[PDB]
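**Student:** Chains R, D, H, F, C, S and G, in that order, give the protein sequences.
Per PDB author numbering, the first sequence starts with residue 50, numbered consecutively.
Per PDB author numbering, the second sequence starts with residue 1253, numbered consecutively.
For the third sequence, the residue numbers in PDB author numbering are 118 to 369, 419 to 482.
Per PDB author numbering, the fourth sequence starts with residue 98, numbered consecutively.
Per PDB author numbering, the fifth sequence starts with residue 1061, numbered consecutively.
For the sixth sequence, the residue numbers in PDB author numbering are 3 to 163, 175 to 240, 269 to 316.
Per PDB author numbering, the seventh sequence starts with residue 1157, numbered consecutively.
Virtual Cβ for every residue (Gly too), placed ideally from N, Cα, C.
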Amino acid sequence: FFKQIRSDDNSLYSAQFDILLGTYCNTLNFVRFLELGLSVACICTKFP
Amino acid sequence: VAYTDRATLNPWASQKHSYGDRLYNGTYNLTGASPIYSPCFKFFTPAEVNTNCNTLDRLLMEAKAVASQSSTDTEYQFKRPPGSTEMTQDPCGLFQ
Amino acid sequence: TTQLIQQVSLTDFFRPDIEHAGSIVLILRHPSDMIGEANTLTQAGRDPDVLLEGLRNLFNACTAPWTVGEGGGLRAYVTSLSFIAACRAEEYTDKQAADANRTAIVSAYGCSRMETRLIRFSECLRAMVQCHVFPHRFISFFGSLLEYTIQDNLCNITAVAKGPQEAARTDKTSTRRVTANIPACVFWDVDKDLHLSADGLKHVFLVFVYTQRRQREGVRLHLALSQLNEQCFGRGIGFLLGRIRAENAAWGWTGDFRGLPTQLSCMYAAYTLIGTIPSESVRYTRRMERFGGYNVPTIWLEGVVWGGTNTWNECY
Amino acid sequence: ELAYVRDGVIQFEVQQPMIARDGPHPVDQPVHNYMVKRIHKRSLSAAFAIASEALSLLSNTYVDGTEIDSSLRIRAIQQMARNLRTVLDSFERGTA
Amino acid sequence: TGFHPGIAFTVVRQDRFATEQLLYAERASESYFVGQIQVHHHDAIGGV
Amino acid sequence: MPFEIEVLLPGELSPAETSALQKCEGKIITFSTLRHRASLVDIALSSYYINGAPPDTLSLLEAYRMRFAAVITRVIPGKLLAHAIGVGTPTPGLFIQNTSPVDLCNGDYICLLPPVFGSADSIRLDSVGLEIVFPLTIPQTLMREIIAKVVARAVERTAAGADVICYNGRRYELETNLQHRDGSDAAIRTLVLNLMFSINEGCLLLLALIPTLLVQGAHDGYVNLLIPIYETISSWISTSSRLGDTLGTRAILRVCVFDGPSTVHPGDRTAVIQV
Amino acid sequence: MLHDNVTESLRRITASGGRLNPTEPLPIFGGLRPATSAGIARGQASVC
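(1) Given 8 Å as the limit, is there contact between the region 180-188 of chain H and the region 243-256 of chain H, that is, 3 or more CB pairs closer than that?
(2) Does the region 187-198 of chain H come close enough to the region 280-297 of chain H to have 3 or more Cβ pairs within less than 8 Å?
(3) Anyone know if the C-beta pair for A71 of chain S and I30 of chain S falls short of 8 Å?
(4) Going by CA-CA distance only, name the one from S:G28, S:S49 and S:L23 that's closest to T35 of chain S.
(5) How is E187 of chain H classed by DSSP in three states: helix, strand or coil?
(6) So which of S:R69, S:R295 and S:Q24 has the shortest CA-CA distance to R37 of chain S?
(7) Give, in chain order, every residue of the region 147-172 of chain F whose Cβ lies closer than 9 Å to some Cβ of chain S.
(8) So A276 of chain H and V142 of chain H are in contact, right, with Cβ under 8 Å, and what is the actual spacing, rounded?
(9) Please state the DSSP three-state secondary structure of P1291 of chain D.
(10) Compare the C-beta of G120 of chain S against all C-beta atoms of chain F and say whether one is closer than 8 Å.
(11) Cα-Cα, which of G:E1180, G:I1184 and G:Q1200 is closest to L172 of chain H?
(12) Taking 8 Å as the CB-CB cut-off, is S447 of chain H touching chain R?
(13) Could you name the residues of chain D that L127 of chain H contacts, counting a contact when the two beta carbons are closer than 7 Å?
(14) Determine, using beta carbons only, whether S1322 of chain D and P1333 of chain D come nearer to each other than 8 Å.
(15) Is it a yes or a no for the region 120-134 of chain H touching the region 295-306 of chain H, going by three-plus beta-carbon pairs under 8 Å?
(16) Contact criterion: CB-CB distance below 8 Å. Does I1184 of chain G meet it with respect to chain H?
(17) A1068 of chain C to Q1348 of chain D, Cα distance in whole Å?
(18) If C107 of chain S sits next to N181 of chain S, beta carbons under 8 Å apart, how far is it from one beta carbon to the other, in whole angstroms?
(19) Where does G88 of chain S sit, in a helix, a strand or coil, going by DSSP?
(20) State the beta-bridge partners of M68 of chain S as determined by DSSP.
(21) Using Cβ-Cβ distances below 8 Å, what residues of the region 287-304 of chain S are close to chain H?
(22) Measuring only between beta-carbons, confirm whether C1292 of chain D sits less than 8 Å from chain C.
(23) Under the DSSP definition of a beta bridge, which residues are partnered with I125 of chain S?
(24) Check each candidate in H:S431, H:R331 and H:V321 and name the one with the smallest Cα separation from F251 of chain H.
(25) Since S276 of chain S is in the beta strand (DSSP E), which residue starts that stretch and which ends it?
(26) Less than 8 Å separating the beta-carbons of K1316 of chain D and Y1289 of chain D?
(27) In the DSSP assignment, the beta strand (DSSP E) including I274 of chain H goes from what residue to what residue?
(28) Contact between the region 340-351 of chain H and the region 316-327 of chain H is defined here as three or more beta-carbon pairs at a separation below 8 Å; is this criterion met?
(29) Just verifying my parser: in three-state terms, what is the DSSP assignment at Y101 of chain F?
(30) Mind checking whether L138 of chain S and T101 of chain S have CB atoms under 8 Å apart?
(31) What does the Cβ neighbour count give for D125 of chain F, buried or exposed, with the cut at 16 atoms within 10 Å?
(32) In whole angstroms, give me the CA-to-CA distance for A367 of chain H and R330 of chain H.
(33) Report yes or no: is there a C-beta of chain C within less than 8 Å of the C-beta of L99 of chain F?
(34) Can we say the region 174-184 of chain F touches the region 1174-1188 of chain G, given the rule of at least three CB pairs closer than 8 Å?
(35) Return the residue from the list H:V195, H:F238, H:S343 and H:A214 that minimises the CA-CA distance to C204 of chain H.
(36) Are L83 of chain S and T75 of chain S close, meaning C-beta to C-beta below 8 Å?
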């Protein structure tokens, strides 16, 4: 690309960008079963 | 699909290239240069938006702020002028 | 400094989202005047109802057909020069660039029924030059496109009507200024034809060309750029268009002044002065450029000071 | 610097939960989403005029040996002030 | 003349009513960027 | 910077007259010479008086090319200010109150034409004994047509022993009702005469030079030729040229509205720039 | 139709059963606007 320019030509002062105005990520809530109400109806037992 | 036991209540308007289809569907432009508004337009003419292969329910995206359809200040119901911007709500235009 | 102008029009014949700034925009008169004008100006033995059909069948399939009559407060006012060029791309000598222009503008606009609108406009122009109602009398130079705002089927243009080109500050992408540019198919310069090829001041003309032979009408326009003044420019073009003038003047006691060559039968071209280039020598670049998805060649002028006094100089 | 922007963009990414089940059901894996939006550009407008014979006074023409024109100049200043104050409030209204 | 030519019609007409909507909006449902005021002057009828 | 003209309205003005002069905001007047102090007896109709009686249409078309026009800006109960158009770059909003039968679109070039229609511009200042006629501000496109039609009507009228003009989707009829068409026929006769004499002198001079113009075929020879008599040719040009330059009437103004109304019905005011 | 005096008779007839119809002489080119009235009583007339 070759481009000759006379004394102080226009189109040297070209300025225009794009912008990333942000990033929004979410996070989950961890369900603790024994902290529910439903666990009243069971006696959980660990048995390897 | 409505009354499955029949095919169509009125054969003189429903089928393609019929009388009613010819007179009211806008793809044929017969009632094109007429300034008078035509309610049957939205019923006869098959709608088309390019979101056919792209939506489950664009119902919400196509039932929000449809622009007005008729004039607003004329003694009669003239077709909406091109320099107008009044928006309204068309419930029945969605469910046909 | 300069001078701006504003106009709200429909976007049927022009879309500023597709024209780049610096393109010339043209203004139209009301089509209703053509009716009476052809009613009193048509030649004897010829029926102007063919003009009526042309106009009526044109405006039947362009936009909302209603409102185009007398009660029109909003209308199809402005058209792009590239538009009027590409609807007659079958008469410009540099075929390939004009053909690229045509296919690009057929694909860049609405996509639907423009092939229709194009031949409608071509047929309309053919009919008018056939009924001796010339297009140069109805199409004028508006300005060079500067900035716009669009809506659903309606636009708002602001263009430069007077003064230097690059003294107009606009809120564009790249740079606050902009330069004029024309499609490369209409760019015809009178100077190198006549071979004077001298630096210095050059005018810019807007010239039409008429070829009225029975059932074989022809209308095309260029944007001339010459050293000549407005006086002898008519002589210059009349000179290198000898064949058209001949075939137009030849096939266009009781006195019996019947069947003689009249002024409208012998007319072939009409032109106007619209600007000037008061530089040291004019430089222009033909670079291929993109209209959205297609590539078409254009002429990039520099330092054009738009002029005025829109008076048409005829050549018969 | 908004007038310098060609186009802006904001990015989302949400991850949805899942539920362990038993056969017969396809074993489930999480899902992840990646959405991207853009901004639309708009503007506002407001006008107000200063007539001739008001510009002729607000311009610092020579100090005249009367006090009629000075009173007229005060009148013009106050008129312009009121118009400009209203114009500036117009933007606070147009925001909402 | 008051004769029934063995064919009936279905009348379709549309009206237009004036209502009052009831809009509701969630907080922070809109990112809104404000540029800077710019001014322009251009002649008019008897006034700048 | 802009050129300024003062017109000192005298006393003894009936307030029923000044009430109408207050309507003269944007009408065009002409002076024979450009000064800053102008007397009311200079723009009055009694100033033209080219040959005794009030001027003709040819006389007025010849005046409008030699005088310097100036648009009447604001008028106050004391005096009348006016800005000269043509030179000076008037910075204020130089508006024009169109006085024409036909509309004015946005972006036309406006010229002048004497009142060759149902003249009603006259404001009759009787208390001072003088009256002022304004010109018609027509677009440059209807300039070649109005003259032609109004002269053809009279040249057919003297040939005793729907003529409408259209613009911007409006039609204004030229056939005035009364068939007692005196007055205006009289203020136009030296035009139809001076024009008719020129054309006949051209025809009967063309056919008096080449003996193979129509006698070798009006279609075969006339077109193939296309591809003290010597003090008459002079007499033809020396008059046909002065008539042509009289009916030129280069534009002076241009209606450029900027965020207003896009059409000017007769009687409205709009912004205008000079050329 | 084939004869014009029939297309004209139909229009003249139907111009008597209502108040929405073109003016008597046809416009050569336009939109065939109805002749505006002078009174507006209840509201915009909904065309059936």
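**Tutor:** On the basis of the coordinates in this document:
(1) no
(2) no
(3) yes
(4) S:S49
(5) coil
(6) S:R69
(7) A148, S149, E150, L152 and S153
(8) 6 Å
(9) coil
(10) no
(11) G:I1184
(12) no
(13) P1334
(14) no
(15) no
(16) yes
(17) 22 Å
(18) 6 Å
(19) coil
(20) Beta-bridge pairing links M68 of chain S to no other residue.
(21) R291, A292, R295, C297, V298, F299, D300, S303 and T304
(22) yes
(23) S:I134
(24) H:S431
(25) Here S276 of chain S belongs to no beta strand (DSSP E); instead the alpha helix (DSSP H) covers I274 to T287.
(26) no
(27) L271 to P281
(28) yes
(29) helix
(30) yes
(31) exposed
(32) 10 Å
(33) yes
(34) no
(35) H:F238
(36) yes
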